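Notes for the one structure printed next.
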Amino acid sequence: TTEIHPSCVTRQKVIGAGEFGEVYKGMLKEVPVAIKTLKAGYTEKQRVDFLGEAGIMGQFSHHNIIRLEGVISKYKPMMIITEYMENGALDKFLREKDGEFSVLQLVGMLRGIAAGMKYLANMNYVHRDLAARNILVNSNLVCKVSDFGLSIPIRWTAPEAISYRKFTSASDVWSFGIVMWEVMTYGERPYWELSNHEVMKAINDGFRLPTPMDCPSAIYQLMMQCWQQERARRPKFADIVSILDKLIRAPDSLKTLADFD
Ligand SMILES: O=C(O)c1ccc(Nc2ncc3c(n2)-c2ccc(Cl)cc2C(c2c(F)cccc2F)=NC3)cc1
């Protein structure tokens, strides 16, 4: 991992509380960055998670995964320095921009998330916490996976993972279907409505999230396939990216809307 000298880093404003201590926006040798710190007295476990997270991110090289600029490990507090994402978290972004994008733009955002997720699944990582709040958005409208999930958000979690803790790339596919629904609704809360216990009961009875307004048939059909009770009947991320690519290349296909009620 690139080791960054602290003289090349400037914290400018706290922007978050974070898993490890404060998160800042700042400037780097100048490019704006986000800066995650590990405050003093951190534990061995915390150090292994903090620098372990940075270790995987630096190795990764995909357009839809947050870019790591480097780490500060020689000096304290330790720092993880990532590209700054101008539009912030996807869930908050969509809720502040209700109705402002075209269906083609919405589907392009989902394609990027699917590609990024695919890269993670092929590299043998299970996210476990795939939700719009864990995707960031830049000034090109590109969505990149962050957080990295857990090493349990009920409303985003697949039935087999709730019921017996089987987290796989197929339960991430379930979560991705929820993310599709979050994007298509501009950040509605899944199952708005229902208690956590009622969601778990509803999912196992075959209930599913309803059709969003202005949602293409193909898009609602795909998220419904992501929500197959049986893991093996869910599409792979490769299948998902491929389908979304065909829809994006023939944009009139997105003009056929699933009925809304
Ligand atoms: O609302 C705005 O105006 C706004 C908010 C944020 C940004 N830009 C930005 N860019 C990169 C990061 C963050 N924020 C950021 C900020 C705070 C915290 Cl607590 C976490 C992160 C994270 C993060 C992460 F590590 C795991 C999971 C989710 C994350 F969001 N990643 C770097 C721009 C505008």
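Looking only at region 92-116, which residues are more than 10 Å from the ligand (Cβ to nearest atom) and farther than 23 Å from residue 251 by Cα?
First, pick out the residues of region 92-116 that are more than 10 Å from the ligand (Cβ to nearest atom): 94-95, 97-116.
If the condition is that a residue be more than 10 Å from the ligand (Cβ to nearest atom) and farther than 23 Å from residue 251 by Cα, then 95 is the only one that fits.
Name the residues in region 61-77 that are within 22 Å of residue 29 (Cα to Cα), part of a loop (DSSP other than H, G, I, E, B) and within 15 Å of the ligand (Cβ to nearest atom), would you?
Of everything in region 61-77, those that are within 22 Å of residue 29 (Cα to Cα), part of a loop (DSSP other than H, G, I, E, B) and within 15 Å of the ligand (Cβ to nearest atom) turn out to be 66, 67.
From the list 192, 174, pick out the single residue that is surrounded by 15 or more Cβ atoms within 10 Å (Cβ to Cβ), in the same structural domain as residue 125 (by CATH) and under 25 Å from residue 134 (Cβ atoms). Explain how you work it out, then say what you get.
Details: 192 fails: surrounded by 15 or more Cβ atoms within 10 Å (Cβ to Cβ).
Only one candidate passes the filter, namely 174.
Taking residue 149 and the conditions (1) buried (at least 19 other Cβ atoms within 10 Å of the Cβ); (2) in contact with a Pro (Cβ under 9 Å, 6 or more places away or on another chain), which numbered condition does it fall short on, given that it satisfies the others?
Here residue 149 meets the rest and fails (2).
Can you pull out every residue in region 120-138 that is more than 10 Å from the ligand (Cβ to nearest atom) and either surrounded by fewer than 19 Cβ atoms within 10 Å (Cβ to Cβ) or hydrophobic (A, V, I, L, M, F, W, C) (or both)? Spell out how you get there, then give the answer.
Restricting attention to region 120-138, the residues satisfying the condition of being more than 10 Å from the ligand (Cβ to nearest atom) are 120-128, 130, 132.
Scanning region 120-138 gives 120, 121, 122, 123, 124, 125, 126, 130, 132.
Any residue that is under 30 Å from residue 183 (Cβ atoms), over 18 Å from the mean Cα position of the chain (by Cα) and surrounded by 12 or more Cβ atoms within 10 Å (Cβ to Cβ) - is there at least one of those in region 82-92?
Start the filter on region 82-92 by keeping residues that are under 30 Å from residue 183 (Cβ atoms), which leaves 82-92.
Filter once more, keeping what is over 18 Å from the mean Cα position of the chain (by Cα): none.
No, region 82-92 contains no residue that is under 30 Å from residue 183 (Cβ atoms), over 18 Å from the mean Cα position of the chain (by Cα) and surrounded by 12 or more Cβ atoms within 10 Å (Cβ to Cβ).
Inspect all residues belonging to region 31-46 and state whether any of them is more than 16 Å from the ligand (Cβ to nearest atom) and either in a helix (DSSP H, G or I) or within 18 Å of residue 139 (Cα to Cα) (or both).
yes
With the condition being small (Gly, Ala, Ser) and within 23 Å of residue 124 (Cα to Cα), I'd like the helices (runs of 4 or more DSSP H) fully within region 178-258 carrying at least 2 qualifying residues. Break it down into steps so the answer makes sense when it comes.
Working: elements: 196-204, 217-226, 237-249.
By residue number, 237-249.
Can you find, within region 78-102, the residue that is nearest to residue 146 (Cα to Cα) among those that are out of contact with any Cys (no Cβ under 8 Å at 6 or more places or on another chain) and part of a helix (DSSP H, G or I)? So that I can check it myself, show each step before the final result.
Going through region 78-102, the residues out of contact with any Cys (no Cβ under 8 Å at 6 or more places or on another chain) turn out to be 78-89, 91-102.
Next, only the ones that are part of a helix (DSSP H, G or I) stay: 91-95.
Numbers: 91: 13, 92: 15, 93: 15, 94: 17, 95: 19 Å.
Filtering first and then ranking leaves 91.
It is to be established whether one or more residues within region 52-60 are part of a loop (DSSP other than H, G, I, E, B) and either more than 14 Å from the ligand (Cβ to nearest atom) or closer than 26 Å to residue 141 by Cβ (or both). Quick ask: steps written out before the conclusion?
Here is the first cut: in region 52-60, the residues part of a loop (DSSP other than H, G, I, E, B) are 60.
Next cut, either more than 14 Å from the ligand (Cβ to nearest atom) or closer than 26 Å to residue 141 by Cβ (or both) only: 60.
Within region 52-60 (the criterion being part of a loop (DSSP other than H, G, I, E, B) and either more than 14 Å from the ligand (Cβ to nearest atom) or closer than 26 Å to residue 141 by Cβ (or both)), the answer is yes, since at least one residue qualifies.
Restricting the search to region 1-21, which residues are among the charged types (D, E, K, R), within 12 Å of the ligand (Cβ to nearest atom) and closer than 14 Å to residue 33 by Cβ? Outline the logic, then answer.
Keep residues of region 1-21 that are among the charged types (D, E, K, R), which gives 3, 11, 13, 19.
Checking which are within 12 Å of the ligand (Cβ to nearest atom) leaves us with 13, 19.
Once the filter is applied, which keeps residues that are among the charged types (D, E, K, R), within 12 Å of the ligand (Cβ to nearest atom) and closer than 14 Å to residue 33 by Cβ, region 1-21 yields only 13.
Ideal geometry is used to build each Cβ from the backbone, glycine not excepted, and the neighbour counts take in all protein chains shown. What is reported rests on the model, the rules as stated and the sources as named; these are not laboratory values.
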